[PDB]
Amino acid sequence: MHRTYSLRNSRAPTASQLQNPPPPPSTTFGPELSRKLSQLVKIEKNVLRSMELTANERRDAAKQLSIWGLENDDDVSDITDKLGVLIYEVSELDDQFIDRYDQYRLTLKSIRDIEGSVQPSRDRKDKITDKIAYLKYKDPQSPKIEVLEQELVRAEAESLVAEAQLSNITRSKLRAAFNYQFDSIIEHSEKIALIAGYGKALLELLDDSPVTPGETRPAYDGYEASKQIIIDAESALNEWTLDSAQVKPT
Amino acid sequence: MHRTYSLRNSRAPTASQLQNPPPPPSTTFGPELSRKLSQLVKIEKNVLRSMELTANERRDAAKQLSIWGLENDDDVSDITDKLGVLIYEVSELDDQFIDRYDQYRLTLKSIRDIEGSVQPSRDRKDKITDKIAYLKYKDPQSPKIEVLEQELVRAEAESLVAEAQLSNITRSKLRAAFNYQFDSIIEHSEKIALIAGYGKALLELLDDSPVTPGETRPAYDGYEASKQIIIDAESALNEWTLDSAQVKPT
Amino acid sequence: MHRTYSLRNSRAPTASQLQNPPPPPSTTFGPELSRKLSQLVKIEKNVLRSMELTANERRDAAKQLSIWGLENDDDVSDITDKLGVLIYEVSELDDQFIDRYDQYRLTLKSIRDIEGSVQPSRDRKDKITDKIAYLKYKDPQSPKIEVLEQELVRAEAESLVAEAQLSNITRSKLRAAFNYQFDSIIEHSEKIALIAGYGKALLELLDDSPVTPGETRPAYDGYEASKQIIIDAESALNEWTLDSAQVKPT
């Protein structure tokens, strides 16, 4: 982030910022082992709910735009409806992305559960060690020291296997979960970019030449290109695959 | 110090003073054995707190400089921020030096404790000697004199071993503590000197040619050398080792 | 600083940290134009006072160390005194560094004063512009508009010369002040490093071989090397020059 080599929150200028000045800002108990990882889940759930609300509101706006667009000139009354139809797809994409996000959250919850179950063995080994130390302090001639040592050896073996078992699966699950999340993000971004790029061509057939008072506009006949654009967008959405990613990292 | 061969507090001129005249001055109970060594610890702690306050204030000044530097010409608004970022490292170095100073203070406290524990044996031997002397004065025919002499011999043996044991470890701990402190001082000074030397090159790319009223300055493009200087400084700081000391005593 | 590529305050390991684990943490109105630059001066003054207190406390500790060192073995009673004498030079160096810091602070105060004096012209030009705008709004037929425009042109010329005059000197003073401060820092660090390096050799002639109870140590005769080390340190301090800097940036 821009504060990498700066002490202030101001963003460093870039090529896009140099080309166009930036717009002004907008006017608007539990186990000890599993405690930091058990907090991330709540934040992810909150993100999911907020994103669902955003998608619902965007769908409502897309629905409402065509209602206003109904009572206007013939070309506007069609372009507005088609643009609303095109915008309606963003919520559909957002729903699938939310589902994949929930899958990733469950994958993380699995690791949380396994480490929370692992903790008690390392608790009990320390308890046994404290007990034998206290017994040795109080009176070295007690007979409980031998059995304490034997069960300490047993618990030490169990704890030795437990830590290796936990560390064998933590990274294995983490890598898969993050790869899945990154693939989902890439797919969502590429689909949104494709939708926007295809929708940008809808405005090319909307005339914008100024007219003087007392003149009549020519009849608008663009009911075919508008249908073709939507059909092509649907075909492109149904055709896209992960192996056909246009964005290539350098 | 300059008063070595003088009776006044005035400093003798040197080569640096000959080259440049000196600026004017700025306009702004307990055991008896462990009593002198138990006072040095408090002074060291006071030094530590004062140095921590100095580092905090310097960090605050470095933070505040860029805020003023924000509203100026393009080159100044960048050089000021980079210089503040570079100055921010001095507090980070000071924190580590403070930690090493505390380690040295603890090492000295160990010697204080051991000598304070040693003292009572040499107290009790003198007490026994005074008692036997008084008993011999009062009446030489008392039977307590023999047992007093026997326990005096025992205490004499114990005190003989105690003094040797104390003197065996006092120098051993003192030498190690002072070597550690000197190494810490050398490392801190070398790192500060390296930071200052690398930061002195930041001002070479800041233009200083005078301009007349009614003229416009050329566009400033120095966003690459400024980043390179910071990257090189970070690399040099992460690369420095004790064995690579540039300063060599004669 | 280590948070450059991290989101946490933990310091990234380095070569020195890899070689030796880090010790644990220690157990212990005004013109609008000149307002951000008029705050840095107070922070610099606070830094100066805190550094003066640190130097005073360090001098006190160096004075107190020899008092404890007086009552010990012959070699320790001399090494401690010589080490205190050597440590006494750090406060002397700190005083000169404080003086140079005050010089730099005065240099910055000059810029603060000049910009504070510059501000009123740009205030009065805006006031005149607001007045003529209001007069034009209220009644365009007023005769004051012409004289307002004439004096607006005059004030515009004055303000045009003023901004160029201020910007011609701001960078010129800033660069010189920061170069002076960096040179002072480099000199102070190099002198401290030289003092520490020369003082590290004082402990080589202090014997540390352990002794058993009932034995006597050999007579210590090191009153010549101790004097020679101090004489060499004084000569090196009086000989050092800025052009003879041992530290060379890469």
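All residue numbers given for chain B refer to Swiss-Prot; the residues shown span 1-28, 50-271 in order.
Cβ from N, Cα, C; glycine included.
The following features are taken from Swiss-Prot:
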{"type": "COMPBIAS", "residues": "B:1-19", "note": "compositional bias 'Polar residues'"}
{"type": "MOD_RES", "residues": "B:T14", "note": "phosphothreonine"}
{"type": "MOD_RES", "residues": "B:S16", "note": "phosphoserine"}
{"type": "MOD_RES", "residues": "B:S98", "note": "phosphoserine"}
{"type": "MOD_RES", "residues": "B:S163", "note": "phosphoserine"}
{"type": "MOD_RES", "residues": "B:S230", "note": "phosphoserine"}
{"type": "MOD_RES", "residues": "B:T233", "note": "phosphothreonine"}
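Taking the features listed in Swiss-Prot, we show where each one sits on the structure.
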{"residue": "B:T14", "record": "phosphothreonine", "Cβ contacts under 8 Å, 6 or more apart": "none"}
{"residue": "B:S16", "record": "phosphoserine", "Cβ contacts under 8 Å, 6 or more apart": "none"}
{"residue": "B:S98", "record": "phosphoserine", "Cβ contacts under 8 Å, 6 or more apart": "B:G90, B:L91, B:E92"}
{"residue": "B:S163", "record": "phosphoserine", "Cβ contacts under 8 Å, 6 or more apart": "B:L156"}
{"residue": "B:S230", "record": "phosphoserine", "Cβ contacts under 8 Å, 6 or more apart": "none"}
{"residue": "B:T233", "record": "phosphothreonine", "Cβ contacts under 8 Å, 6 or more apart": "none"}
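According to DSSP, the compositional bias 'Polar residues' (B:1-19) comprises 9 helix, 0 strand, 10 coil.
Those modified residues from the list B:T14, B:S98, B:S163, B:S230 that have a Cβ under 8 Å from chain C Cβ atoms: B:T14. A helical conformation is recorded for B:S98 (phosphoserine) in the three-state DSSP classification.
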